[PDB]
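These notes are about the structure you will find just below.
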Protein chains: 2
Amino acid sequence: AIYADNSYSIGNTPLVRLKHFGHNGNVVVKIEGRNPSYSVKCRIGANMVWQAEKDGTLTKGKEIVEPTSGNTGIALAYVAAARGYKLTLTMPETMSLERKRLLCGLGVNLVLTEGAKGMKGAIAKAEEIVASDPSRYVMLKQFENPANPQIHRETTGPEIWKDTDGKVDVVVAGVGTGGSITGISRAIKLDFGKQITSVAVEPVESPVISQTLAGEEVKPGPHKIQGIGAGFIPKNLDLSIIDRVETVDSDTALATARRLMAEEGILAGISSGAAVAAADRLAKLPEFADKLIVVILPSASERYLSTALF
Amino acid sequence: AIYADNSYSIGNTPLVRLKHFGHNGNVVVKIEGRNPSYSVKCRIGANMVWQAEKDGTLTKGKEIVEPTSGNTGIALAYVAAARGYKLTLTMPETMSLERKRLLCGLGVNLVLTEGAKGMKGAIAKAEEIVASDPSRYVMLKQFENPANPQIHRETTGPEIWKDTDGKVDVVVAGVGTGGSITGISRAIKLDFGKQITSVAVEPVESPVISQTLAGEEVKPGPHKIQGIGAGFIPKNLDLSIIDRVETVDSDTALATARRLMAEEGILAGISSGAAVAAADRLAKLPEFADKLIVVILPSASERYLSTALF
């Protein structure tokens, strides 16, 4: 069990039972902060590169371009370093000094777009750079690349099945790209044949999934739950496998993450707090009190030292 | 495989083969950054509490006091939160705002001693607080508590044995408390019966182990390799199992950690760079070129964002 590079070391993350949430230990958390670049995104960083290799879209000498600076940026950085690709991340110039340092530490060519243009600015500049030499550059496109949900169907989902001896009844996951809830749901429902409850979590401030499913007007909004609530339905969210959508507000997500830290001794990020607050609500409805709820904790606390978490 | 609390989730950390160090992949690294509070110290945080419980020195209602603010502080914080102990960490007032936040986030009662007194200040204030109500307070004493090396003999060492199919020939570990190299060495040498080379790593700036073994004057000095080079021989370093001592300088340790990041896609801390630089030196001596070298990487990169690493 010696990994040929850090990308192969993804996953096999542990399940920890919560003591101050749920009812009689019915809430269990999967610690994705424990991964090579310390997030759930390590899985999709690995698999999107591996898949682009297998299909010939990524070869030696081609460069990677992606418009983000979040967990996926960090994940692609570690994989790119491990496997010998130059990586360019586009992002506004107004981004955190510390994220600049972390990504620069990881050997990323940083392209700081117009700050005023912001995120819009970066997506376009990605598209621009790729357009300039399409035989040289590849955008992996985390929101729509099937290799994203697929890695969750092959690793994250089976790990949950295994670790719970098939007892998992509910999976709660915040939605960013939708890959985690999609892949996990496909594994447990379709590969293992259990009719679990798949619960998507989104900020109450930007409840676009809830609005869409209700046939209401879609109204995205700003929030602090980093990693989720992109303000649209990503292609990698398979609405067909979602049984329930829970909304959580920023303050509750923050307070919940602090409780995870101070009361559970679990070093989780902001989205982790959101996912647990939603899980806790379900766990205290009599319909779910004899059911085993598994919650994805996407990242770790130290990535949030500059944020409202502290 | 559901852990009753986060303390039980320690270890089972992966081995990753380096590509830009050693010779023909003879250097393999054990990623301790992957643990509940993201350091090797999670193991000793867990076991020192468990052991003090088993022997009756720690009971419900007793409080924990320890004079550090490093990885052991963070480890004891997570375990204390998980298991329901109040924890007081002593430390100078001049400590990092970010470490204050991280530990305060973890629910630690912080006792900020005289800054001018510094570390000396904190050890005494620990002793003071314990003295004031010895039936209330327990100091676990990481430098001398046998539960420190013991957890490495029962977990870290066997994991290395298992993962390498007994092929490990050399273990390289930086020495802070000495627990890692001691416990690992005892496991592999005494429990599994293999005559490996145990290599302690210390800063060239503070080479007290090298000086002691040479019967030279012991001359501690300041350095930047955080986590190692305490400036004395800790009781938890069993000199009897050490075959070799390698010294590394701060700049080399830093540059090596940056290479781990940029060239290997491994997010390691400063001590990780020191341990790899020493391992690389041995790996390129013909006497070790057909030998499998395993290197402890004690911590992860984001804990060092405020430091010289970046």
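Lettering and numbering for the structure tokens are positional, with chains as A, B, ... in the shown order, residues counted from 1 in each chain, and ligands counted from 1 in the shown order.
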Contacts of chain B with chain A up to 7 Å, shortest pair per row, only C-alpha atoms, as a Markdown table:
```
| residue | atom | partner | partner_atom | distance |
| --- | --- | --- | --- | --- |
| B:1 | CA | A:163 | CA | 4.8 |
| B:2 | CA | A:15 | CA | 5.0 |
| B:3 | CA | A:16 | CA | 4.7 |
| B:4 | CA | A:17 | CA | 5.4 |
| B:5 | CA | A:16 | CA | 5.9 |
| B:6 | CA | A:16 | CA | 6.0 |
| B:9 | CA | A:14 | CA | 6.7 |
| B:14 | CA | A:9 | CA | 6.7 |
| B:15 | CA | A:2 | CA | 5.0 |
| B:16 | CA | A:3 | CA | 4.7 |
| B:17 | CA | A:4 | CA | 5.4 |
| B:34 | CA | A:34 | CA | 5.2 |
| B:35 | CA | A:34 | CA | 6.7 |
| B:36 | CA | A:266 | CA | 7.0 |
| B:37 | CA | A:267 | CA | 6.6 |
| B:78 | CA | A:265 | CA | 4.0 |
| B:79 | CA | A:265 | CA | 6.1 |
| B:81 | CA | A:265 | CA | 4.6 |
| B:82 | CA | A:264 | CA | 4.5 |
| B:98 | CA | A:305 | CA | 6.9 |
| B:101 | CA | A:310 | CA | 6.4 |
| B:105 | CA | A:262 | CA | 6.3 |
| B:106 | CA | A:262 | CA | 4.5 |
| B:107 | CA | A:262 | CA | 4.7 |
| B:163 | CA | A:1 | CA | 4.8 |
| B:164 | CA | A:1 | CA | 6.7 |
| B:258 | CA | A:105 | CA | 6.5 |
| B:261 | CA | A:106 | CA | 5.1 |
| B:262 | CA | A:106 | CA | 4.5 |
| B:263 | CA | A:81 | CA | 5.2 |
| B:264 | CA | A:82 | CA | 4.5 |
| B:265 | CA | A:78 | CA | 4.0 |
| B:266 | CA | A:6 | CA | 6.6 |
| B:267 | CA | A:37 | CA | 6.6 |
| B:302 | CA | A:302 | CA | 6.9 |
| B:305 | CA | A:98 | CA | 6.9 |
| B:310 | CA | A:101 | CA | 6.4 |
```
Take the residues from that selection and put them in a file with C-alpha atoms, as a PDB file, in the first residue's frame.
```
ATOM      1  CA  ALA B   1     -15.900   1.274  11.276  1.00  0.00           C
ATOM      2  CA  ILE B   2     -17.682   4.199  12.965  1.00  0.00           C
ATOM      3  CA  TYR B   3     -15.509   5.915  15.580  1.00  0.00           C
ATOM      4  CA  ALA B   4     -17.197   6.677  18.921  1.00  0.00           C
ATOM      5  CA  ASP B   5     -15.278   9.984  18.979  1.00  0.00           C
ATOM      6  CA  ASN B   6     -12.616  11.737  16.879  1.00  0.00           C
ATOM      7  CA  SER B   9      -9.909   7.921  14.277  1.00  0.00           C
ATOM      8  CA  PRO B  14      -0.796   6.739   3.841  1.00  0.00           C
ATOM      9  CA  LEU B  15       2.613   6.048   2.301  1.00  0.00           C
ATOM     10  CA  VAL B  16       3.426   8.057  -0.832  1.00  0.00           C
ATOM     11  CA  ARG B  17       6.481   7.380  -3.048  1.00  0.00           C
ATOM     12  CA  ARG B  34      -3.834  13.308   7.761  1.00  0.00           C
ATOM     13  CA  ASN B  35      -5.174  12.891  11.288  1.00  0.00           C
ATOM     14  CA  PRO B  36      -8.042  14.533  13.300  1.00  0.00           C
ATOM     15  CA  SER B  37      -6.151  17.734  14.293  1.00  0.00           C
ATOM     16  CA  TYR B  78      -9.397  18.129  19.952  1.00  0.00           C
ATOM     17  CA  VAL B  79      -9.253  15.121  22.345  1.00  0.00           C
ATOM     18  CA  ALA B  81     -13.334  18.532  23.306  1.00  0.00           C
ATOM     19  CA  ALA B  82     -14.169  15.036  22.030  1.00  0.00           C
ATOM     20  CA  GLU B  98      -4.013  32.693  14.597  1.00  0.00           C
ATOM     21  CA  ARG B 101      -7.955  31.748  17.434  1.00  0.00           C
ATOM     22  CA  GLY B 105     -11.985  27.827  18.419  1.00  0.00           C
ATOM     23  CA  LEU B 106     -11.237  24.389  19.955  1.00  0.00           C
ATOM     24  CA  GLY B 107     -12.482  25.514  23.376  1.00  0.00           C
ATOM     25  CA  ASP B 163       2.066  -0.890   4.213  1.00  0.00           C
ATOM     26  CA  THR B 164       5.620  -1.834   3.156  1.00  0.00           C
ATOM     27  CA  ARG B 258       8.511  23.950  -0.903  1.00  0.00           C
ATOM     28  CA  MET B 261       4.595  21.116  -2.449  1.00  0.00           C
ATOM     29  CA  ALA B 262       5.585  22.319  -5.959  1.00  0.00           C
ATOM     30  CA  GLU B 263       7.153  19.115  -7.332  1.00  0.00           C
ATOM     31  CA  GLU B 264       5.403  16.269  -5.445  1.00  0.00           C
ATOM     32  CA  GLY B 265       2.041  17.857  -4.734  1.00  0.00           C
ATOM     33  CA  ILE B 266       2.528  17.006  -1.043  1.00  0.00           C
ATOM     34  CA  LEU B 267       1.294  19.641   1.450  1.00  0.00           C
ATOM     35  CA  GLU B 302      -1.579  25.392   5.895  1.00  0.00           C
ATOM     36  CA  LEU B 305       0.972  30.115   6.122  1.00  0.00           C
ATOM     37  CA  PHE B 310       5.676  30.935   2.311  1.00  0.00           C
TER      38      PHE B 310
END
```
> So which residues of range 110-299 of chain B fall under strand (DSSP E or B) by DSSP, listed as a ChimeraX atom specification?
Replying inline: /B:110-113,137-138,168-174,197-203,244-248,268,292-297,299
Could you take the residues named above and write them with N, CA, C and O atoms, as a tab-separated table (two decimals), in the first residue's frame?
```
chain	number	residue	atom	x	y	z
B	110	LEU	N	-7.16	29.63	27.55
B	110	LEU	CA	-5.82	30.09	27.28
B	110	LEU	C	-5.34	30.92	28.47
B	110	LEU	O	-6.07	31.79	28.94
B	111	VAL	N	-4.14	30.59	28.97
B	111	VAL	CA	-3.45	31.32	30.03
B	111	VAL	C	-2.19	31.93	29.43
B	111	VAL	O	-1.19	31.23	29.19
B	112	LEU	N	-2.27	33.23	29.14
B	112	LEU	CA	-1.20	33.98	28.50
B	112	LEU	C	-0.25	34.52	29.57
B	112	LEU	O	-0.57	35.50	30.25
B	113	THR	N	0.93	33.88	29.70
B	113	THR	CA	1.92	34.16	30.73
B	113	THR	C	2.67	35.44	30.36
B	113	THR	O	2.28	36.10	29.41
B	137	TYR	N	-6.11	19.20	38.78
B	137	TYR	CA	-5.37	19.40	37.54
B	137	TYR	C	-4.38	18.26	37.28
B	137	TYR	O	-3.78	17.73	38.20
B	138	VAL	N	-4.22	17.93	35.99
B	138	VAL	CA	-3.26	16.93	35.54
B	138	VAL	C	-2.44	17.50	34.38
B	138	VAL	O	-3.00	18.02	33.41
B	168	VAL	N	10.47	-2.10	4.63
B	168	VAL	CA	11.14	-0.93	5.20
B	168	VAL	C	12.51	-1.33	5.74
B	168	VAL	O	12.65	-2.27	6.53
B	169	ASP	N	13.52	-0.55	5.34
B	169	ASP	CA	14.89	-0.75	5.77
B	169	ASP	C	15.36	0.40	6.64
B	169	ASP	O	16.22	0.20	7.48
B	170	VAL	N	14.83	1.60	6.40
B	170	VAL	CA	15.27	2.80	7.09
B	170	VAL	C	14.03	3.62	7.49
B	170	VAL	O	13.12	3.79	6.68
B	171	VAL	N	14.01	4.13	8.73
B	171	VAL	CA	12.99	5.09	9.14
B	171	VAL	C	13.69	6.38	9.54
B	171	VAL	O	14.60	6.37	10.37
B	172	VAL	N	13.29	7.48	8.91
B	172	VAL	CA	13.80	8.81	9.18
B	172	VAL	C	12.69	9.62	9.82
B	172	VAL	O	11.60	9.77	9.24
B	173	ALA	N	12.98	10.14	11.03
B	173	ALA	CA	12.04	10.99	11.74
B	173	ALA	C	12.75	12.14	12.46
B	173	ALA	O	13.71	11.92	13.21
B	174	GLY	N	12.23	13.37	12.30
B	174	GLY	CA	12.70	14.48	13.12
B	174	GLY	C	12.36	14.24	14.60
B	174	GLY	O	11.34	13.62	14.88
B	197	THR	N	17.54	0.71	10.00
B	197	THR	CA	18.35	1.84	10.43
B	197	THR	C	17.38	2.94	10.87
B	197	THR	O	16.58	3.42	10.05
B	198	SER	N	17.46	3.27	12.16
B	198	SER	CA	16.65	4.34	12.71
B	198	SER	C	17.47	5.64	12.70
B	198	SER	O	18.56	5.69	13.28
B	199	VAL	N	16.92	6.66	12.02
B	199	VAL	CA	17.62	7.91	11.79
B	199	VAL	C	16.86	9.06	12.41
B	199	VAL	O	15.72	9.36	12.03
B	200	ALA	N	17.50	9.70	13.39
B	200	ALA	CA	16.93	10.86	14.04
B	200	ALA	C	17.37	12.06	13.22
B	200	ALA	O	18.50	12.05	12.73
B	201	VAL	N	16.50	13.07	13.11
B	201	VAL	CA	16.83	14.28	12.39
B	201	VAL	C	16.71	15.46	13.36
B	201	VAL	O	15.75	15.55	14.13
B	202	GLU	N	17.72	16.34	13.33
B	202	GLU	CA	17.75	17.50	14.21
B	202	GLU	C	18.33	18.70	13.45
B	202	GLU	O	18.98	18.52	12.42
B	203	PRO	N	18.04	19.95	13.86
B	203	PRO	CA	18.56	21.11	13.14
B	203	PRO	C	20.07	21.17	13.38
B	203	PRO	O	20.55	20.90	14.48
B	244	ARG	N	21.63	6.43	13.75
B	244	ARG	CA	22.27	7.49	12.99
B	244	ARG	C	21.55	8.79	13.32
B	244	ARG	O	20.34	8.78	13.52
B	245	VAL	N	22.30	9.89	13.35
B	245	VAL	CA	21.70	11.21	13.50
B	245	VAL	C	22.12	12.05	12.31
B	245	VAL	O	23.31	12.17	12.06
B	246	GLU	N	21.14	12.62	11.60
B	246	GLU	CA	21.34	13.52	10.48
B	246	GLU	C	20.91	14.93	10.90
B	246	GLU	O	19.84	15.09	11.51
B	247	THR	N	21.77	15.92	10.61
B	247	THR	CA	21.47	17.33	10.87
B	247	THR	C	21.07	17.99	9.55
B	247	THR	O	21.65	17.72	8.51
B	248	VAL	N	20.07	18.86	9.60
B	248	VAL	CA	19.61	19.63	8.45
B	248	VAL	C	19.49	21.09	8.88
B	248	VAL	O	19.09	21.36	10.02
B	268	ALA	N	3.22	19.53	2.95
B	268	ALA	CA	3.88	19.21	4.20
B	268	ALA	C	4.42	20.46	4.90
B	268	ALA	O	4.54	21.53	4.31
B	292	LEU	N	14.66	0.56	1.19
B	292	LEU	CA	13.43	1.32	1.24
B	292	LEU	C	13.46	2.24	2.47
B	292	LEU	O	13.54	1.77	3.60
B	293	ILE	N	13.43	3.56	2.21
B	293	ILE	CA	13.48	4.57	3.26
B	293	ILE	C	12.09	5.15	3.49
B	293	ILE	O	11.45	5.65	2.56
B	294	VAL	N	11.62	5.12	4.74
B	294	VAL	CA	10.33	5.66	5.10
B	294	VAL	C	10.54	6.88	5.99
B	294	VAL	O	11.30	6.82	6.95
B	295	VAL	N	9.86	7.98	5.64
B	295	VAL	CA	10.07	9.29	6.25
B	295	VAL	C	8.74	9.76	6.84
B	295	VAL	O	7.73	9.81	6.12
B	296	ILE	N	8.76	10.16	8.12
B	296	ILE	CA	7.59	10.77	8.76
B	296	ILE	C	7.48	12.23	8.32
B	296	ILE	O	8.45	12.98	8.46
B	297	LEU	N	6.31	12.60	7.80
B	297	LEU	CA	5.97	13.98	7.49
B	297	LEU	C	4.96	14.42	8.56
B	297	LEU	O	3.77	14.18	8.45
B	299	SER	N	3.38	17.09	9.77
B	299	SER	CA	2.28	18.04	9.69
B	299	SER	C	2.04	18.51	8.25
B	299	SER	O	2.76	18.11	7.32
```
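One distance worth recording is that between CA of residue 225 in chain A and CA of residue 210 in chain A, which is 16.5 Å.
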> Which residues come within 7 Å of residue 188 in chain B, counting only C-alpha atoms, excluding same-chain residues fewer than 6 positions away, as a list in words?
Replying inline: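 After dropping sequence-adjacent residues, the list is residues 157, 161 and 194 of chain B.
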Let me see the file: selected residues, N, CA, C and O atoms, as a PDB file, in the first residue's frame.
```
ATOM      1  N   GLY B 157       4.186   2.491  13.875  1.00  0.00           N
ATOM      2  CA  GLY B 157       5.150   1.460  13.533  1.00  0.00           C
ATOM      3  C   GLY B 157       4.505   0.304  12.774  1.00  0.00           C
ATOM      4  O   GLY B 157       4.909  -0.001  11.654  1.00  0.00           O
ATOM      5  N   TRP B 161       5.085  -1.148   8.891  1.00  0.00           N
ATOM      6  CA  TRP B 161       5.389  -2.547   8.640  1.00  0.00           C
ATOM      7  C   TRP B 161       4.431  -3.112   7.592  1.00  0.00           C
ATOM      8  O   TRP B 161       4.877  -3.658   6.592  1.00  0.00           O
ATOM      9  N   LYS B 194      12.972  -6.863  12.668  1.00  0.00           N
ATOM     10  CA  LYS B 194      13.837  -6.428  11.579  1.00  0.00           C
ATOM     11  C   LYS B 194      14.856  -5.365  12.026  1.00  0.00           C
ATOM     12  O   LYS B 194      14.499  -4.341  12.609  1.00  0.00           O
TER      13      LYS B 194
END
```
>> Just list as a PyMOL selection string whatever in range 97-270 of chain A DSSP marks as alpha helix (DSSP H).
In response: chain A and resi 97-105+118-132+147-151+157-163+179-186+208-213+250-264+270
